[PDB]
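First comes the structure, then the notes that go with it.
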Amino acid sequence: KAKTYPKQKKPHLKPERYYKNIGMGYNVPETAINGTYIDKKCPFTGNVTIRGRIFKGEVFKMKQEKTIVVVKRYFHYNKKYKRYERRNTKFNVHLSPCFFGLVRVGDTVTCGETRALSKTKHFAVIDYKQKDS
Amino acid sequence: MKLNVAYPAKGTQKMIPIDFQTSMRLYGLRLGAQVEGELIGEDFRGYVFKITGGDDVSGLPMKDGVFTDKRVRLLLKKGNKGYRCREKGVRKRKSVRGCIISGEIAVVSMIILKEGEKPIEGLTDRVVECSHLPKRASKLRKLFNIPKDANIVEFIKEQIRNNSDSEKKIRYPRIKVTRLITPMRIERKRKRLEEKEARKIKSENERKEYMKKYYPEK
Amino acid sequence: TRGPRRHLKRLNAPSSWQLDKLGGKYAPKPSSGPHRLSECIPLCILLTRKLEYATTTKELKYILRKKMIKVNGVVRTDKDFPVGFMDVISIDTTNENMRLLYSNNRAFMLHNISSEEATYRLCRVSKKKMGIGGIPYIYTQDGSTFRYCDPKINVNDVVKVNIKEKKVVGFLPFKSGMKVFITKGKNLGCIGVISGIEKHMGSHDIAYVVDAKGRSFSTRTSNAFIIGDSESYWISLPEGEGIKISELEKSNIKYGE
Amino acid sequence: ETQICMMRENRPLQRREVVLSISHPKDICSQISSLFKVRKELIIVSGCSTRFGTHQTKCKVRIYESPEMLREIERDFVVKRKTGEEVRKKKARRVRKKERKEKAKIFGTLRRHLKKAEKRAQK
RNA sequence: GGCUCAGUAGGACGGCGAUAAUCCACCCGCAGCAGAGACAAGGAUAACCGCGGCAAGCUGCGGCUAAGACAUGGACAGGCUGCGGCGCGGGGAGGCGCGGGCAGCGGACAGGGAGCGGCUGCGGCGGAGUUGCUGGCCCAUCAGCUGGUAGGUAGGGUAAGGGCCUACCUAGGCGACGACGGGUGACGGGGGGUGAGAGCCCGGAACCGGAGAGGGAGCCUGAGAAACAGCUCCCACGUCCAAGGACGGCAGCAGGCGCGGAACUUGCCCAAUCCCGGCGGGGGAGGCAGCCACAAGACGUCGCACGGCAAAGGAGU
Ligand SMILES: [Mg+2]
Ligand SMILES: [Mg+2]
Ligand SMILES: [Mg+2]
Ligand SMILES: [Mg+2]
Ligand SMILES: [Mg+2]
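Chains as they are written, first to last, in the entry's author numbering: chain SL0, 7 to 17, 21 to 22, 29 to 148; chain SG0, 1 to 218; chain SE0, 2 to 258; chain SY0, 4 to 29, 37 to 133.
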C-alpha cells in the first residue's frame, strides 16, 4: 500500500480535509474538495504552489499514472521565407488524482509552472476542458 | 652532534659539542625523554635533562610524536610544529623528522630539569633576565604588590629610584599597562546603561502614541 | 565574472549620470547603500560634474574629509555614497540645500530648494510587515524604515518623513487623481496626474497618466512616485516642470509653427 | 588686454575659479595680480587654451585666499611649478618597488633578519 | 580588475520569467545585545630576548608578554525542532509575517580618552546558486534513440526544488515538426560588413555574459573559490643542488625564442580614469610617450623665447 501513514497538511482557517485555492482566478475541483487521495504533489491538496507561466496544451500521453505528456503546438515564423513552421514541445505534466478520469487523451489542459516536481516535471494540471465540449 | 642545552629557571643556554661516542649513547631516545648526565659525560654528573627538540644535518625539525627516525613528509596546518603558516588557512606539506634520535641529527635541544653537582659556566653561573614584564594590571599588581588605589606605572618608577645606587642616568623599561579600570571605561558603561533604559521608555512612548492616535478606544 | 563587482566601466555606467565616453575606462562604482544602482548616483559625480566644487579627487577627498557635505541630515563622508531620488543634499558652507530629482532629458538634476523644504523628504514604501512583538513597521524603497505609522499606509504609498526627526509626518496614498512622478522608463522625469490603475493579477500593475499638458502615457505602478494629491504638490518642481515637450514642439519654437 | 569671461566663487575650497581670455596680437600671472587684491603666490592658472587662428588665449585661473590652502588643496606638481617645494622625495617608482618588495619577504624586524643573514655569511 | 577563447551546439547566450525551493561580506535604514562579585575579564602565543639547525628553500629549542585574538562570567529577546493552534496583516495563491500555546534544544558588549568598534535580528543594497519558456550552425552516405533512462512513494543530501542520491515499485521518455549520433580551423550576444531590398557573410577584437590559467583531480580558508601571481597530488616539460634535497608555471606588463603569411619599448608615471585599504599607501588596472602607412581624417611638394606637460615631447604663438 503506502510506505508512510497517509497524512495531509493541517487545514489552516468540509473542514476535515486540507485543500487550498491556487489563485490566478481558478477553482478547486470538487473531486479535490470531496476526495480521499493524499497526493502531495497536487496543486490543490498538496505541497506545491503555482507561480510563473500558465499555458494551455493538449494531452499527448496519459500513460505512467501521475504524470502525463502535454504537447503545446505553436507557430514559429521564418523571417527569410515569410512562412510559419509548425513546432511543438512535449511537457511531463503532473496530473493530480482529482482529475483522474476527467482528463483523457486529447483534452485541452491548462498547466501551471510549479517547482521542479520531478527531473522533467515543472508543470501541474490545474484545470481542463474536454475535447467533445 | 651538538647539544643545545638551556636552563629554564636561570634563562641561560649554550651548546655543548659532545664527542661521537656520546652521540651513539643517545640513539633510540625520543623527545620528552629524560636523560641523566652520566650518559653524556662525567662533567654532567647528577644533572637531569629533558629532550625537547632536535634538528637535522639536512636542516629539518624533529617533530614530536611521529615515532620514526627517518625523514617523513607530513601535511601541516597553522600552529602545527614544523610549519610557520603565513597566509590564512594555507596548509603545506613540510618535511620533518620523527622524534627518535639517530645519527642523522645535528643538534639536540634539551633543558635542565635538575641542577647537577658541578657548575657549567655559561649555563649555571649566569642568570639571564625575563625579557618582558606583564601588561595586565592583575598580573602587575600581584608581581610588585601594588596598592589597589595607586597608579601602576607610577608605582614601579617609585621603586626603581628607591633601589638605584647613585645612578646619574637611569633608563626605564617598557611599561605599558592593559586591562585596568579607568574613567573612560566607567563613563562608557554608565552612558550605555542609561541609553538602554532611555531607548526602552522612548520605544514604549511611541507604542502608547501609536495606540493613542490610531487605536484610540481599545 | 563572478562575485561582488568592485569596478564599473564607463560605458556600463547609467546614462542618467551623463558621463562622457572619452572620460576614462572606469566610472565610479557606487557603494551599496540606500538606493539601487539603477536609481542612484554617487556623491562624487555631484561634487565634480553637477556642482563642480572639486575638479580633482584630491579636492574631492578634502571636501569629504572636512565633512561639509551632508545628505538627508547625515554627514556621509563617503566618496561613492549612492544618493537617489528625493534625497536632500544640504551643505552648510554656501548654505545650499538641493533635492536630487530627475530632469526632462532623463538625467539626474540637482534642484535648488529652500532651507525649509530641505527639512523633509518623500519616500515610497516597499512593503509593510509586522515585526517581533507586534511592531508594524513599514519599509521604504530607499531602504529607510519607520515604525508605528498610520495603518492606512499600504504598498506604493509615499510618506513625507522629517529629516531632523526620524518620524513620518505626512502620508500620501496611491489612488487615481494623484500627482505622480515617473521614476523609471521611457517617460522618466515626467510629472502627471494618475488617470487609471489597471491591476493585472499576478504581475505588473499598470498606471495610466496624463500630464499637465494633456499628453497621455502608461507606466508600471512601480515606476510611479506620488508627489502630490489633487490640490497641492508636496515638493517643489524642477526646471521644465516635467512636461517632456515633443520633438515637433522643439521644432516649432525654432522656426515658428 | 585681459577680460574675465565668467567669475565663479568656490566657497568650500576657499577659492575663486575665473576664466580669462587674454589677447596678444603679434609673465601671465603678473597683470592678473594687478586686477584683484591678491599676491602672486595666490594665483594658480590651470591651463592655457587657445584656438588656432585668433590670438585669443583662454586661461582658467584660480584665486586662493591663503598660501596654506593652496599647497593643501592643489596637486603637488603645481606647487612645484610656482615654488618648487619637493616636500616628498618619493625616490623613484622603480626604486620604491624593489625597496618594498624586499621588505615583504622579510618576516620579523629587519635587524633580526640581517643578523641571521650575516651570521650565516660569517660562517 | 587584467589577459585569453581551448572547452562549450546548450552547464552557454539573448529575450521573457520563477525562486511560495535559496544563501550572504562591505555598505545603508531600523530595532536590539545576558547584573553576572561587575569600579570587571582567564590562560596562552607571535613579536621580542637569547641558543640553533640548514648549500639553499625553509625551520627548531628556551625564556617572558599583549588584544577589538582566544576564553570565562551571565540568558530579556531573536533562532532551531516537534506538537498544538486561532486570528490579524500582506500576497494572485500560505501558518509567509505577527500575536496567543506546550515541550526539547539553543543563543547577541568584561572593548578605547585622535573619529569609535564589536555582535544578534528585520528590511534593503550588493551579490550568488538553482530554474521555467523560447530563439540561434552544418551532416540523413547519422533513422531510430534511451536504463537513473521516464515516472511514483519514501528517506538521504544540499543554503536550496529536483533521480541529485539511495531503497522499493511502475514502463515509461524522445523521434522525419529531424530525436540520437557526428562535424565545426563554433565562446555567445550587444553588433559589424555588404546589398535598392529580400538576403548573404562575419562577430578574436572596446561593453555584457560564460569559460580557462601547461593537462588534470582534490581541497583549505572565506560571505564568496573547487581559487591557481592558494594548497595537496598525479602527468607532461623545465631549473638549482654541497646529491641529502629544493623549485618553475608570462592565455598579467614589457621582452626573448619558436611558430608562421601575420602583429610594437625588457620607456616614464599614478597626473588623469578608477579600484583595494577606516587616512598618509599600493595599482604593468590605467594613462603618457615610443614602434608600425594597420586604419579613419585633414593639409603640403633648421634653432631660440613662449606654450603645454607627473615629467618630457608634440599641438599653438
Ligand atoms: Mg619560539
Ligand atoms: Mg615556549
Ligand atoms: Mg574553438
Ligand atoms: Mg565576441
Ligand atoms: Mg569579457
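Idealized CB from N, CA, C, for every residue including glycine.
At a Cβ-Cβ threshold of 8 Å, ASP93 (chain SE0) and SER32 (chain SE0) do not count as neighbours.
Contact annotation: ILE73 (chain SY0) and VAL21 (chain SY0) have beta-carbon atoms nearer than 8 Å. When the alpha-carbon of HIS21 (chain SL0) is set against those of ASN36 (chain SL0), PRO12 (chain SL0) and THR10 (chain SL0), the nearest one is in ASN36 (chain SL0). With 16 or more neighbouring CB atoms inside 10 Å of its own CB, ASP212 (chain SE0) falls in the buried class. The three-state reading of DSSP puts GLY193 (chain SE0) in strand, counting E and B together. When secondary structure is reduced to three states using DSSP, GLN13 (chain SG0) falls in the strand class. Counting only the Cα atoms, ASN62 (chain SL0) lies some 18 Å from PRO30 (chain SL0). Annotation for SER17 (chain SE0): no beta strand (DSSP E) segment contains it, and DSSP assigns it neither H nor E.
The beta carbon of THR49 (chain SE0) lies closer than 7 Å to those of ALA55, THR56 and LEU61 in the same chain, with the five residues before and after it left out. A buried status is given to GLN142 (chain SE0), since no fewer than 16 other beta-carbon atoms sit within 10 Å of its beta-carbon. Residue-level contact check: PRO152 (chain SE0) touches chain SG0, since one or more beta carbons of chain SG0 fall below 8 Å from its beta carbon. Cα atoms of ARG130 (chain SL0) and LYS161 (chain SE0): separation of roughly 41 Å, rounded to the nearest angstrom. Contact between the region 83 to 91 of chain SL0 and the region 34 to 48 of chain SL0 is absent: fewer than 3 CB-CB pairs across the two stretches fall below 8 Å. For the pair of segments examined, the region 51 to 60 of chain SY0 was found to touch the region 77 to 97 of chain SY0: the number of CB pairs separated by less than 8 Å reaches three. Contact holds between the region 5 to 12 of chain SG0 and the region 108 to 127 of chain SG0, because three or more Cβ pairs, one in each stretch, are under 8 Å apart. Taking 8 Å as the threshold, the shortest C-beta distance from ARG207 (chain SG0) to chain SE0 falls below it. Assignment of beta-bridge partners to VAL75 (chain SE0) by DSSP yields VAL72 (chain SE0). For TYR149 (chain SE0), at least one C-beta of chain SG0 is nearer than 8 Å to its own C-beta.
Against chain SY0, the CB of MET110 (chain SE0) has no partner CB under 8 Å away; the residue lies outside that interface.
The Cβ-Cβ distance between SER95 (chain SG0) and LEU60 (chain SG0) falls below 8 Å. With a cutoff of 8 Å on beta-carbon distance, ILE100 (chain SG0) and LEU26 (chain SG0) are scored as not near each other. If you draw a 10 Å sphere on the C-beta of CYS191 (chain SE0), you find 16 or more other C-beta atoms in it, and that means buried. The three-state secondary structure of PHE155 (chain SG0), taken from DSSP, is helix.
Neighbourhood of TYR27 (chain SG0) in chain SE0, by CB distance below 9 Å: empty, with the nearest CB roughly 56 Å away.
Counting the other CB atoms within 10 Å of its CB gives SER217 (chain SE0) a total below 16, which places it among the exposed residues.
For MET110 (chain SE0) against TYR103 (chain SE0), the beta-carbon gap comes to about 7 Å, under 8 Å, which counts as contact. Using a C-beta cut-off of 8 Å, the region 223 to 241 of chain SE0 makes contact with the region 166 to 186 of chain SE0, since at least three inter-stretch Cβ pairs fall below that distance.
Considering only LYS63 (chain SG0), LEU193 (chain SG0) and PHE20 (chain SG0), the residue with the shortest C-alpha distance to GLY54 (chain SG0) is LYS63 (chain SG0). When 8 Å is used as the limit between beta carbons, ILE83 (chain SY0) is near these residues of chain SE0: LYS59, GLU60 and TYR63, in chain order. According to the DSSP assignment, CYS39 (chain SY0) belongs to no beta strand (DSSP E) but to the alpha helix (DSSP H) extending over 38 to 43. Residues are counted here when their Cβ sits less than 8 Å from a Cβ of chain SY0; for the region 91 to 122 of chain SE0 these are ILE92, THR94 and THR95, given in chain order. Taking the Cβ atoms as the reference, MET179 (chain SE0) lies roughly 10 Å from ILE198 (chain SE0), outside the contact range of under 8 Å. Residue pairing of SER26 (chain SY0) in beta bridges, as defined by DSSP: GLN66 (chain SY0). DSSP places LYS169 (chain SG0) in the coil class of the three-state scheme, outside both helix and strand.
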